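To begin, one chain is listed below as structure tokens, in the form deposited in one PDB entry.
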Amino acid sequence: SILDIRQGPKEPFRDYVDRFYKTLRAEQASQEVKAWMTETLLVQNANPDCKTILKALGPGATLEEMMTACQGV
């Protein structure tokens, strides 16, 4: 179900982040779960440009770092 939150082709990373986490909240994801989700699903469900950038940034990036790198698109 978070499986079905994928980033629109032109959607700004930031808007995709609100839906991702919004969906996570509804499902009462624990804090530990959000942290793992940030590093995995958030990346794999990003659009092809963001996905490439996030993979290039690598594991253990913070969300803020994820966003700075995906500003612009």
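Just so we're on the same page, rigid core means the largest C-alpha set that superposes within 1.5 Å between forms. We number the residues from 1 along the sequence you see.
- Among all modelled residues in this chain, the alpha-carbon of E27 has a temperature factor (C-alpha) in the highest third.
- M66: CA B factor lies in the lowest third for its chain, per the PDB record.
- When the modelled residues of the chain are ordered by C-alpha B-factor, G60 sits in the middle third.
Beyond what is shown, the protein has a form deposited in another entry; the following relates to that form.
- Superposition on the rigid core between this form and the one not shown places the CA atom of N45 less than 2 Å from its counterpart.
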